[PDB]
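S.K.: Pasting an experimental structure, sequence included:
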Amino acid sequence: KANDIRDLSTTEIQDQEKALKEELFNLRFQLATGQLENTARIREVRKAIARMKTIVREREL
Amino acid sequence: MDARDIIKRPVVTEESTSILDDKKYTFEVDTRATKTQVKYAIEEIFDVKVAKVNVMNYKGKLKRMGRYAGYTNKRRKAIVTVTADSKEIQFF
Amino acid sequence: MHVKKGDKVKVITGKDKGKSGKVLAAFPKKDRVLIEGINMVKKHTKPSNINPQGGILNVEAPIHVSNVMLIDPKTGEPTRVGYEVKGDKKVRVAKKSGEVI
Amino acid sequence: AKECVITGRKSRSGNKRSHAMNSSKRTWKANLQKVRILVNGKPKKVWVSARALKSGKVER
RNA sequence: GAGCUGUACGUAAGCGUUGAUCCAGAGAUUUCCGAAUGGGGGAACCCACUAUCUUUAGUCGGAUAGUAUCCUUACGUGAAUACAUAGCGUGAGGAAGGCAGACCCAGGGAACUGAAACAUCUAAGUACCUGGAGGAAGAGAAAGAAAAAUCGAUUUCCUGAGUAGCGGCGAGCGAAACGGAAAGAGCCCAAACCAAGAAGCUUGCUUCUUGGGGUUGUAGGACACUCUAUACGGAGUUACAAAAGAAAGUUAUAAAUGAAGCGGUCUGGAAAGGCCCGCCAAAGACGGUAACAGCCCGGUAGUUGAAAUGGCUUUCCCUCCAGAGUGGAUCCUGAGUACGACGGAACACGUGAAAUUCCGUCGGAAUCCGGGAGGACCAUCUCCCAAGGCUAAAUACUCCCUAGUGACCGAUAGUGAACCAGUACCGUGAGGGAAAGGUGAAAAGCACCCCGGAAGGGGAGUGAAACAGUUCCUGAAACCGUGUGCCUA
RNA sequence: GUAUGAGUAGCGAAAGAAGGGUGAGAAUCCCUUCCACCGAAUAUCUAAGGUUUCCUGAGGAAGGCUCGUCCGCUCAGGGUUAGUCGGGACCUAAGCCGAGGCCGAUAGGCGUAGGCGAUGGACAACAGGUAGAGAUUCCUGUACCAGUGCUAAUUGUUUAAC
RNA sequence: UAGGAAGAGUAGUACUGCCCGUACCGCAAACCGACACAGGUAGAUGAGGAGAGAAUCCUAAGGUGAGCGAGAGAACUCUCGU
Ligand SMILES: [Mg+2]
Ligand SMILES: [Mg+2]
Ligand SMILES: [Mg+2]
Ligand SMILES: [Mg+2]
Ligand SMILES: [Mg+2]
Ligand SMILES: [Mg+2]
Ligand SMILES: [Mg+2]
Ligand SMILES: [Mg+2]
Ligand SMILES: [Mg+2]
Ligand SMILES: [Mg+2]
Ligand SMILES: [Mg+2]
Ligand SMILES: [Mg+2]
Ligand SMILES: [Mg+2]
Ligand SMILES: [Mg+2]
Ligand SMILES: [Mg+2]
Ligand SMILES: [Mg+2]
Ligand SMILES: [Mg+2]
Ligand SMILES: [Mg+2]
Ligand SMILES: [Mg+2]
Ligand SMILES: [Mg+2]
Ligand SMILES: [Mg+2]
Ligand SMILES: [Mg+2]
Ligand SMILES: [Mg+2]
Ligand SMILES: [Mg+2]
Ligand SMILES: [Mg+2]
Ligand SMILES: [Mg+2]
Ligand SMILES: [Mg+2]
Ligand SMILES: [Mg+2]
Ligand SMILES: [Mg+2]
Ligand SMILES: [Mg+2]
Ligand SMILES: [Mg+2]
Ligand SMILES: [Mg+2]
Ligand SMILES: [Mg+2]
Ligand SMILES: [Mg+2]
Ligand SMILES: [Mg+2]
Ligand SMILES: [Mg+2]
Ligand SMILES: [Mg+2]
Ligand SMILES: [Mg+2]
Ligand SMILES: [Mg+2]
Ligand SMILES: [Mg+2]
Ligand SMILES: [Mg+2]
Ligand SMILES: [Mg+2]
Ligand SMILES: [Mg+2]
Ligand SMILES: [Mg+2]
Ligand SMILES: [Mg+2]
Ligand SMILES: [Mg+2]
Ligand SMILES: [Mg+2]
Ligand SMILES: [Mg+2]
Ligand SMILES: [Mg+2]
Ligand SMILES: [Mg+2]
Ligand SMILES: [Mg+2]
Ligand SMILES: [Mg+2]
Ligand SMILES: [Mg+2]
Ligand SMILES: [Mg+2]
Ligand SMILES: [Mg+2]
Ligand SMILES: [Mg+2]
Ligand SMILES: [Mg+2]
Ligand SMILES: [Mg+2]
Ligand SMILES: [Mg+2]
Ligand SMILES: [Mg+2]
């Protein structure tokens, strides 16, 4: 991503980052229960958030 | 922390599920989260009305896997009960 | 590694000397390649969920890369590999001219 | 901190001798006297030696 | 440029030629403790105040910054006490702690031991404690060395030399100059004098600050004059004043290309080996590959390569600058200082005929018509100007990084540690401190049958080998057994 | 590393018996009856200390001075719920630290304000239930302590409610 | 009392109340003694008959049968009885 992220005006990227943590909590909820089969989604959701915290930080220098 | 950072995952066991019908839900929370933070974290995520929270701390068990000795993570377990005039949480 | 995955090969040394086959896998961390029909093994496998019949199975085994020389399409002979660049993309060429590989 | 505040002489160490030249260990102290002089814009009580005090100092 | 999600065998779920994993440069994030610094504390924990914001009907909650002590300094307030100081508060700079068990400077400073006992002496200014640093430290530009003639700042190496000396003249301690080399470099203040101010008003004075001038021994400078010069030229951030900025080249930190045998044949599980033929070489270093490879692989010689960051050299930019001679009225050239008495120490030198340097305490100079030294001291002569400061290289060491070497070790050896080693274990604690390497080329790690609950065996199979089967290459001796040829109540 | 002593000393105060069960295997495990021992304890709580030894399901290589189907042993999952109990957000003793400060070759020693520090002072909950493991904690019933908002009335506004 | 003061009490209702410990042994096979060791370990409760008594003997509630056995009934050693 990254280059796709940079086309967002530092406010919707706050909303996209917020909506990713909602998914991450739900994914951890099903893994504990035993209802998750695509366990590879755990790691790429985490790295999607870290990819957005970096763009916001470097934008404010 | 955030609401999603205070609460980590549910506890699904024989003791934990025997009280679901009593409107009591068992979670694993952050080690440094107070009883009051857990109350407002639940209402933000599930939009239920919370009546009580009870917390307890667990040590780490000494475990061995061959010539190597160590400890498991220490846990903080919270049990949340809700008011009768409120929705339910589906562990499912 | 000088041999990629999925190209024709001639075996230079070993008990299967003189034969040929394709490359099915490559393990650059240990300098091994797995080639069809070469270095068959008979492993005595206990029955389990996978392969419920068990039995004695003929499966390939990896061999060292140095026992391997790539075969050119110009004359079908084991040739050494040379590296040449065509603009932005590098290609492999045989020492015996033999166009690109 | 027991030393003269002008010429910073203080305790030193040396030997103590006798007949038959048996060597013990002793020390040499300075002749420090506590006086009130204008060490700054205001007077104060400080250690001053009796030798730095014979030419040109303050009220003493 | 084709695989990847570490050890880690493997299950699942996935990611990659729209170029992942990987390697290098530069960034971002960086819980809690720890100098730990908002207060406390039994280590990684507990409890806050102030300001803003946020949530609830409100209490309860949450987020973001500030809040330690001391030194220097600016401002505001401000006691006995009238002015004022102490004190108090706010703002801005600096410090604190660690270590490389190494090198070196200073403060403090043993004993065992030797003297065939022991006290002066030695061990020794060693071990150790404390403080200060630096990449080096210390010393350093003559009040010097030396003697019928001279040298010209320190430091280190070779000699002088186990010499001259010191020494219950015992055990022992033990120089320096000349001579030969490595490296080379010189400077800035204080004071007379000049200009400016302020204070004490000692009242037309001294005494504090600022700038200029000046730093030496044939004495020099001030001061009077002659000459030039204010950037013509010269120098510079390693001392000589100090802070920055560009360009070019080089180098370090990833890498690219890179010659020549699938040659024939024998033994063999397997050829790199034997025999018979070719070739490359600025490449016959090293390692791997099923036994010993210049021509199989990674590479090697050679030739190339850097977006980014650090280093170095040069240049530009920038910055700053007076130096020659003649006189000598008069003025200046480091004061409780140099020295001396008393008590100690360092000098190779133990108070000795004891020069020289330093410390504590008393006394206490001259100042150019002057002062010090030449191993007590006096006279002559010679050499030199103390009581202020700075200074690169030649020298010492290695916790580290890169490339290499060894008539160095090879698992009781070599680091205590070739293996999850300062670990297990021992102690209240400081602290002490091990044992433990090898299946096979490749897990191909024994499907299946029989005895047995299992362990373990006997076949079968893999393998060159299973008398290589999970302390598994080789497998000695002690020690334990079974069978038997000769002897023995 | 392995022998001799040598199948020798020892197997750490004590009363057990029989009948069923499980199991490849029983003096040693489970159940039943009888008998015996402690009973100001060998009974019931609770501090210190120890840190998972607690519960359930499997196991029998090593540990258990014999045996083991068993275990405080091995493996895998679980289990500790507080406004009122004990401690902190309350208080201080002995003692300890200690801004300035006084001493002192260095390092540091002592000490005022101030602060830590229970073994003591102050402080609001009781009775039942819970068939694997927690109970003044969870559940039922009835309470108390401190605070907050809201509704209805009361009172007072600077000679000044509180 | 010094001080602060336009808000204050009253009644009824509803809501709010943080952190650490809590398992298990605890005169013991789980603590201190190298041991599943005849030793040591603060405090609260601690029944009946006879009894002055927490002495002594036998018992209650409750808890135990002690982690090698059986069989013979020699010398000698130890602890007991005539
Ligand atoms: Mg609790
Ligand atoms: Mg003092
Ligand atoms: Mg703090
Ligand atoms: Mg502190
Ligand atoms: Mg320091
Ligand atoms: Mg002697
Ligand atoms: Mg000495
Ligand atoms: Mg030091
Ligand atoms: Mg430095
Ligand atoms: Mg220096
Ligand atoms: Mg190449
Ligand atoms: Mg080549
Ligand atoms: Mg053959
Ligand atoms: Mg050959
Ligand atoms: Mg070689
Ligand atoms: Mg090969
Ligand atoms: Mg071999
Ligand atoms: Mg080899
Ligand atoms: Mg003297
Ligand atoms: Mg003197
Ligand atoms: Mg003279
Ligand atoms: Mg001389
Ligand atoms: Mg002389
Ligand atoms: Mg110097
Ligand atoms: Mg060793
Ligand atoms: Mg060996
Ligand atoms: Mg210990
Ligand atoms: Mg077998
Ligand atoms: Mg078997
Ligand atoms: Mg066989
Ligand atoms: Mg065979
Ligand atoms: Mg071998
Ligand atoms: Mg062997
Ligand atoms: Mg043998
Ligand atoms: Mg015997
Ligand atoms: Mg006997
Ligand atoms: Mg017994
Ligand atoms: Mg405890
Ligand atoms: Mg148990
Ligand atoms: Mg046994
Ligand atoms: Mg069984
Ligand atoms: Mg069992
Ligand atoms: Mg267990
Ligand atoms: Mg309650
Ligand atoms: Mg309390
Ligand atoms: Mg202090
Ligand atoms: Mg003190
Ligand atoms: Mg006090
Ligand atoms: Mg306290
Ligand atoms: Mg108490
Ligand atoms: Mg109470
Ligand atoms: Mg219980
Ligand atoms: Mg309990
Ligand atoms: Mg026992
Ligand atoms: Mg006992
Ligand atoms: Mg009692
Ligand atoms: Mg009784
Ligand atoms: Mg009675
Ligand atoms: Mg009684
Ligand atoms: Mg009885």
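M.R.: Everything's here; your move. Residues are numbered from 1 along each chain as shown, chains lettered A, B, ... in the order given. Ligands and ions are numbered 1, 2, ... in the order given.

S.K.: Number of residues surrounding the nearest residue to residue C:99 once chain neighbours are set aside?
M.R.: Nearest non-adjacent residue to residue C:99, counting by Cβ to Cβ, 6 or more residues apart in numbering or on different chains: residue C:74, 6.2 Å away. C-beta coordinates here come from the backbone N, C-alpha and C atoms, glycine included. Using other Cβ atoms under 10 Å in any protein chain shown as the criterion, residue C:74 is surrounded by 14 other residues.

S.K.: Check residue A:1 too.
M.R.: Tallying neighbours of residue A:1 according to other Cβ under 10 Å, which is how burial is gauged here, yields 10.

S.K.: same question, residue C:82
M.R.: Using other Cβ under 10 Å as the criterion, residue C:82 is surrounded by 15 other residues.

S.K.: Please identify the helix or strand for it.
M.R.: Following DSSP states H and E, the helix or strand that holds residue C:82 is strand C:81-86.

S.K.: And the helices in chain B, which stretches?
M.R.: Using DSSP state H, the helices assigned to chain B run over residues B:3-6, B:14-17, B:35-45.

S.K.: Tell me if stretch D:20-27 is near RNA strand E.
M.R.: Yes. Applying Cβ under 7 Å from any atom of the strand, one finds stretch D:20-27 touching RNA strand E at D:20-23, D:25, D:27.

S.K.: Can I get that stretch as CSV, trimmed to CA atoms?
M.R.: Output for stretch D:20-27, consisting of C-alpha atoms alone and laid out as CSV, is shown next (Å, rounded to 0.1, in the frame of the first residue of the first chain):
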residue,chain,number,x,y,z
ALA,D,20,67.5,4.9,65.3
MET,D,21,65.5,6.5,62.5
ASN,D,22,62.3,4.5,63.1
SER,D,23,59.8,5.9,60.6
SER,D,24,56.2,6.6,61.6
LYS,D,25,53.5,8.5,59.7
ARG,D,26,52.2,11.9,60.5
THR,D,27,50.7,15.0,58.9
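
S.K.: picking up where we left off before, state the phi and psi torsions of the residue nearest to residue C:99.
M.R.: Backbone torsions of residue C:74, given as degrees, to the nearest 10, read phi -70, psi -40.

S.K.: which ones are touching it?
M.R.: C:94, C:96-99 (Cβ atoms under 8 Å, 6 or more residues apart in numbering or on different chains).

S.K.: what do you get if the cut-off is 10 Å, keeping everything else the same?
M.R.: C:94, C:96-101 (Cβ atoms under 10 Å, 6 or more residues apart in numbering or on different chains).

S.K.: now do residue B:42
M.R.: With contacts taken as Cβ under 10 Å, 6+ apart, residue B:42 has the following neighbours: B:3, B:6-7, B:25, B:27, B:29, B:48-50, B:53, B:78, B:80, B:82, B:89.

S.K.: again, but for residue B:25
M.R.: Each residue near residue B:25 by Cβ under 10 Å, 6+ apart is listed here: B:10-11, B:16, B:19, B:42, B:46, B:48, B:50, B:78-82, B:88-89, B:91.

S.K.: From the residues you listed, list the buried ones, please.
M.R.: The neighbour-count test (16 or more other Cβ atoms under 10 Å in any protein chain shown) marks B:10-11, B:16, B:42, B:46, B:48, B:50, B:78-80, B:82, B:89, B:91 as buried among the contacts of residue B:25.

S.K.: Using JSON lines, lay out those residues together with distance to residue A:52.
M.R.: Rendered in JSON lines, the data for the buried ones among the contacts of residue B:25 read as follows (distance: Cβ to Cβ, whole Å):
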{"residue": "B:10", "distance to residue A:52": "27"}
{"residue": "B:11", "distance to residue A:52": "31"}
{"residue": "B:16", "distance to residue A:52": "35"}
{"residue": "B:42", "distance to residue A:52": "26"}
{"residue": "B:46", "distance to residue A:52": "25"}
{"residue": "B:48", "distance to residue A:52": "30"}
{"residue": "B:50", "distance to residue A:52": "31"}
{"residue": "B:78", "distance to residue A:52": "30"}
{"residue": "B:79", "distance to residue A:52": "35"}
{"residue": "B:80", "distance to residue A:52": "31"}
{"residue": "B:82", "distance to residue A:52": "34"}
{"residue": "B:89", "distance to residue A:52": "29"}
{"residue": "B:91", "distance to residue A:52": "30"}
